[PDB]
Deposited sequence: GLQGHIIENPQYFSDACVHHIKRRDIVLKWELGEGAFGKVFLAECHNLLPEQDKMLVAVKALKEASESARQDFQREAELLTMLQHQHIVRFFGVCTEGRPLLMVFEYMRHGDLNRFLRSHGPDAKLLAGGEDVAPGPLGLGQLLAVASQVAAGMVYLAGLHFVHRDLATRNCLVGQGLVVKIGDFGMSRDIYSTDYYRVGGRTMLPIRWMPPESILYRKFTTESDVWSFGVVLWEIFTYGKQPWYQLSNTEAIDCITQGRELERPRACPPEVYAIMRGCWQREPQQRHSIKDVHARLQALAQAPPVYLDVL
């Protein structure tokens, strides 16, 4: 009723794209979806079913959260089974894979339609960071706490448009990004979330700090040199991730502003976005000097 509905005959499955424990994702054609295009490509998540409640709850939530830098959700197909969720197709996949595929080792081959060859430049990295921050501003505005913000949960589309999601499936491809106790994204979590199990807007800005670090390391795992327990010890004792090689000091300052140990002392995501956007939009003369 709140959720938009799509007729099963308007979805034509093409092939699989990914697969987790709670579902499979297919590339599909969807007819009569938008006035612009009579036919268009979409990504279809098929539920592996109790789970219908979570499914319907997720659909209601996704419909509410719709915005420029949040993953575009078109609606549901509930006529017969399996229950389908229909999303915008994002051709570059998740931001972590994208970052790794354009690292400091990348050359002409990595070049493409949307992106230059070689490592992503400072200007491109800032544009990615800015888009993610804009998504987190919107969620902060609505008083929603993500709890699992990381580059693996962001998608990258044509023209390097970047959008936040939350893929149940991330627990499968990126299993080593979680500590199993339930699965906790320890490496992305602030001391108050690890110690006291409190998750807030402020724990999300900490996590965004880590996302910024991921971006400027071309998708390396935070604390990759550490086991899960060693990482808990480090975070709880106040160790901070080192400045990435590609990160200018100005941007590392924005990361540190996210990692203030006291939640209330962390900069607001709005301030973080404001600074990163200014930098993303700054002229090459300015950016060449950082």
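Where the deposited sequence has no C-alpha coordinates (positions from 1, in order): In the chain as deposited, 1 to 15, 65 to 67, 200 to 202 carry no coordinates.
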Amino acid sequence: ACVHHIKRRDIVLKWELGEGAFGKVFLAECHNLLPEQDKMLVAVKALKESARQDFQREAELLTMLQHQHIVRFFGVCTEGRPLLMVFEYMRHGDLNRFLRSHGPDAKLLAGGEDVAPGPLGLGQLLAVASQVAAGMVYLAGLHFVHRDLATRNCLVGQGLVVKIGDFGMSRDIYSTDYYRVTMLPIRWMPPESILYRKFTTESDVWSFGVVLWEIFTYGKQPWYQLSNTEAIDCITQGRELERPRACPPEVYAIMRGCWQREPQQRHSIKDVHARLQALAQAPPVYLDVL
From here on, numbers count along this sequence of modelled residues.
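Rigid core here is just the name for the largest C-alpha set that superposes within 1.5 Å across the two forms.
Higher-deviation segment by CA RMS in 9 other deposited structures of this protein, core fitted, 268 to 276 or 14 to 22: If we average over structures and residues in 9 other deposited structures of this protein, the farther stretch is 14 to 22.
Between 158 to 166 and 197 to 205, the one whose CA atoms sit farther away in 9 other deposited structures of this protein (rigid core aligned): Output: 158 to 166, the stretch lying farther off on average in 9 other deposited structures of this protein.
Across other compared entries, residue 248 missing in at least a third: No, modelled in all of them.
Other entries lacking residue 58, at least a third: No.
145 to 153 set against 100 to 108, stretch whose average Cα temperature factor tops the other in the entry: Going by the record's values, the stretch with the higher mean is 100 to 108.
Segment of higher mean CA temperature factor, 184 to 192 or 164 to 172: Mean B over CA atoms: larger for 164 to 172.
Out of 55, 259, 223, 26, residue topping the C-alpha B-factor column of the entry: Spelled out: the listed residue with the top C-alpha B-factor is 55.
Residue selected from 33, 231, 42, 241 by maximal Cα B factor: The record points to 33.
Record-listed C-alpha B factor of residue 215: chain third: Its C-alpha B-factor belongs to the lowest third of this chain's values.
Third assignment of residue 130 from its chain's C-alpha B-factors: For residue 130, whose C-alpha B-factor we compare with every modelled residue in the chain, the answer is the middle third.
Third of the chain's Cα B-factor distribution that residue 12 belongs to, per the entry: Lowest third - that is where residue 12 ends up once the chain's C-alpha B-factors are sorted.
Residue 114, C-alpha B-factor rank within chain (lowest, middle or highest third): According to the entry, residue 114 has a C-alpha B-factor in the chain's middle third.
Within-chain third of residue 47 by Cα B-factor, per the entry: Highest third of the chain for residue 47's C-alpha B-factor.
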